[PDB]
Amino acid sequence: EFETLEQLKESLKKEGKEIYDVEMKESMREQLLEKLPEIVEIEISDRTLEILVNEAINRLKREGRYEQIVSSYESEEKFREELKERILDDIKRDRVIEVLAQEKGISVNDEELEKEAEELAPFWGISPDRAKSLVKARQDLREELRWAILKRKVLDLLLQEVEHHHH
């Protein structure tokens, strides 16, 4: 697997016609996010991961989606093993994204938070003013929005740094 961000970016290079794909945003972000965990190391206990796996499963059970999901696996043990690796990858991914934001001087201001809340409003089924007030009132929601915006900016910047082979 990749050892440096530069090696990762090199693997994302495209050539000719396939460069101009209208799904560039979603597609590239997906592969970028999938490979990012490979360039960082996290020193965390297996116990911590077991705990995170339980909490994820408890959440799935509250959503009523656990059995449908675990049933698709050979056993619950197998599912837990997969979920543990996915969780570790998320932890690695978030660390990489946070560090790149710091290295690139990227941040999020209230103006950006407000704009994003306005755009989310219709999906939430509430007015733009209602959405902006919720974000201003709930720290948890505000932190989630801030991170979503930051992560998107970091991913977009990285993708825009990939030098493709133009014909």
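Remarks
- A Cβ-based charge dipole, computed about the Cα centre of the chain with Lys and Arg at +1 and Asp and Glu at -1, lands at about 640 debye.
- Percentage relative contact order, the chain, counting C-alpha pairs under 8 Å, at least six apart: 35 percent
- Gyration tensor verdict on the chain (Cα atoms; rounded if a/c is under 1.5, prolate if a/b is larger than b/c, oblate otherwise): oblate
- Placing unit charges on the Cβ atoms of the charged side chains and taking the dipole of the chain about its Cα centre, the candidate lying farthest along the positive direction among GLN7, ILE39, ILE69 is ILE69.
- Span-like helix ranges in the chain, DSSP H, alpha carbon extent 24 angstrom or more, Kyte mean at least -1.0: 46-63, 139-159
- Qualifying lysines (Cα of each under 28 Å from Cα of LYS153; at least 8 residues distant if same chain): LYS9, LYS13, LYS14, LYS17, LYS25, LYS35, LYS84, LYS92, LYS104, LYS115, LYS132, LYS136
None of the figures in this text is laboratory data; all of them are computed from the coordinates on show. In this analysis, Cβ positions are derived from the backbone assuming ideal geometry, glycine residues included, and neighbour counts consider all displayed protein chains.
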